[PDB]
Amino acid sequence: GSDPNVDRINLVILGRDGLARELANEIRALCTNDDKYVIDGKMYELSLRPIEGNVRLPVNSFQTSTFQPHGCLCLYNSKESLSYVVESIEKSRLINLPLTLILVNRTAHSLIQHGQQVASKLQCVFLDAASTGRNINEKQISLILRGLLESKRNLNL
Ligand code: NA
Ligand code: NA
Ligand code: NA
């Protein structure tokens with residue numbers, strides 16, 4: 001269970017073709033051995049749920065009996081991986097869940113254009129981390145996590 005003295009972030013990471021595993025691995029490299037992530041000198045419990053396959057399947061559901069999601073980090077770098085994000089979100093709709101759509105490193109014009117329309121439709125923030133492996137800068141990870149903590153307090157997640 002969650003330590004009542006340490007704030008918990010339950011983060012879904014959504015991305016096919018190994019995108020979710022890769023970002024989850026990066027984030028865990030930044031964590032303590034008991035999965036704490038430090039922000040502004042403060043410890044947070046960080047639970048990660050990387051998803052790459054069909055979210056219809058129980059094993060791939062956003063929410064489980066011990067995991068209530070607080071946000072979802074959506075990753076893509078291609079037509080197919082963008083399509084996977086839309087399919088997964090619209091199908092598992094989790095609707096007021098804070099979402100972040102991130103374009104990562106692997107056409108460039110169309111991926112940005114479509115990403116922005118998808119983010120508009122899903123009502124979420126769009127970040128271009130491709131210019132910035134298929135990783136994301138750790139400072140950007142911390143910004144997203146800070147944002148989730150405030151959302152968590154506003155939406156009572
Ligand atoms: Na807690
Ligand atoms: Na976890
Ligand atoms: Na996990």
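One-based numbering along the sequence shown.
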task: With rounding to the nearest 0.5 Å, note down the distance linking CZ in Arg49 to CG in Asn60.
output: 7.0 Å
statement: Output for pair (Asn154 CG, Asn96 CG), nearest 0.5 Å, gives 11.5 Å
message: On a heavy-atom basis, which atom in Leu19 and which in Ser81 lie closest, and how many Å separate them?
response: CD1-CB, 4.1 Å
- prompt: Around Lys42, counting heavy atoms of other residues, nucleotides and ligands shown, do more than 12 lie under 6.0 Å from its NZ?
  reply: yes
- request: For residues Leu155 and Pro98, determine if any side-chain heavy atom of one lies less than 4.5 Å from a side-chain heavy atom of the other.
  value: yes
- request: Taking all heavy atoms of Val85 and all of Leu75, pick out the closest pair and write down the distance.
  value: CG2-O, 3.6 Å
query: Quick one: does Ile27's side chain get under 4.5 Å of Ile13's, heavy atoms only?
result: yes
message: I want to check something: taking the side chain as every heavy atom from C-beta on, are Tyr44 and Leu145 in contact at a cut-off of under 4.5 Å?
response: no
Any donor-acceptor pair under 3.5 Å from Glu138 side chain to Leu30 backbone: no
message: The test is side chain to side chain contact (heavy atoms under 4.5 Å, CB included); show your working for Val86 and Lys121 and say whether it passes.
response: CA-CA 10 Å; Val86 177; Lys121 183 166 183 50; over 6 Å; no
message: Hydrophobic clusters here meaning ILVMFWY residues chained together by side-chain heavy-atom distances under 4.5 Å, can you tell me if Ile51 and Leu97 are in one?
response: yes
Shortest non-hydrogen separation from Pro69 to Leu94 and the atoms involved: CG-CD2, 3.9 Å
message: Can you confirm whether more than 12 heavy atoms, excluding those of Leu57, are under 6.0 Å from its CG atom?
response: yes
- prompt: Quick one: does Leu149's side chain get under 4.5 Å of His70's, heavy atoms only?
  reply: no
- prompt: Going through the checks in order, is the salt bridge (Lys or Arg N to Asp or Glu O under 4.0 Å) test met by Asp7 and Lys152?
  reply: CA-CA 10 Å; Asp7 292 336; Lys152 187 182 173 205; 5.5 Å; no
- prompt: For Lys79, does the NZ atom sit with more than 12 other heavy atoms under 6.0 Å from it, leaving out its own atoms?
  reply: no
message: Check for me, please, whether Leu73 and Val125 land in the same ILVMFWY cluster - side-chain distances under 4.5 Å, paths through other members count.
response: yes
- line: Shortest non-hydrogen pair, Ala129 vs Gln140, comes out as CB-OE1, 4.0 Å
- request: Go through the steps to decide whether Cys31 and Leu46 satisfy the test side chain to side chain contact (heavy atoms under 4.5 Å, CB included), and finish with yes or no.
  value: CA-CA 8 Å; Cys31 289; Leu46 183 51; 4.1 Å; yes
- prompt: Hey, does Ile89 have a side-chain heavy atom less than 4.5 Å from the side chain of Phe62?
  reply: yes
task: Under the side-chain hydrogen bond (donor to acceptor under 3.5 Å, both in side chains) rule, what do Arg106 and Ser78 come out as? Steps first, then yes or no, please.
output: CA-CA 8 Å; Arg106 355 180 66 211; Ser78 68; 5.2 Å; no
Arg21 with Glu52: basic N within carboxylate O range, under 4.0 Å: yes
- prompt: Yes or no on side-chain hydrogen bond (donor to acceptor under 3.5 Å, both in side chains) for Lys91 and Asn54, after CA distance, side-chain angles and deciding distance?
  reply: CA-CA 10 Å; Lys91 145 164 57 180; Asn54 193 344; 2.9 Å; yes
query: Picking from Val104, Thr107, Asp17, what satisfies side chain to side chain contact (heavy atoms under 4.5 Å, CB included) with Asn77?
result: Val104
field: Close side-chain approach of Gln63 and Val12, heavy atoms under 4.5 Å
entry: no
Spacing of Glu45 atom CD and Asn5 atom CG [to the nearest 0.5 Å]: 10.0 Å
message: Could you go through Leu82 and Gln117, starting from their C-alpha distance and side-chain angles, then the distance that decides it, and tell me whether this counts as side chain to side chain contact (heavy atoms under 4.5 Å, CB included)?
response: CA-CA 11 Å; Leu82 185 59; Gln117 297 301 339; over 6 Å; no
message: Is it the case that the side chain of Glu26 and the backbone of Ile136 share a donor-acceptor pair, with hydrogens and angles ignored and the cut-off at 3.5 Å?
response: yes
task: Taking all non-hydrogen atoms of both residues into account, name the closest pair between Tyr84 and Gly15 and its distance.
output: CE2-N, 3.9 Å
Stepwise side chain to side chain contact (heavy atoms under 4.5 Å, CB included) check, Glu90 with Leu122: CA-CA 9 Å; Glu90 298 283 34; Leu122 292 189; 4.1 Å; yes
- prompt: Can you get from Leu101 to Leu103 by hopping between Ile, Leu, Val, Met, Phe, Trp and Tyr side chains that sit under 4.5 Å apart?
  reply: yes
statement: Note: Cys72 and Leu14 closest approach over all heavy atoms is SG-CB, 3.9 Å
query: Between OG of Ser88 and CZ of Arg56, what distance do you get to the nearest 0.5 Å?
result: 9.0 Å
- line: From the list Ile141, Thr100, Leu23, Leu148, side chain to side chain contact (heavy atoms under 4.5 Å, CB included) partner of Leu11 resolves to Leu148
message: Taking the side chain as everything from C-beta on, heavy atoms only, tell me whether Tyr76 gets closer than 4.5 Å to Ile102.
response: no
message: Using side-chain heavy atoms (C-beta onward) and a distance below 4.5 Å, is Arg8 in contact with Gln68?
response: no
- prompt: Within the distance-only criterion (no hydrogens, no angle test), does the side chain of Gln116 pair as donor or acceptor with the backbone N or O of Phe126 below 3.5 angstrom?
  reply: no
message: Once rounded to the nearest 0.5 Å, what's the spacing between atom CG of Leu157 and atom CD1 of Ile9?
response: 12.0 Å
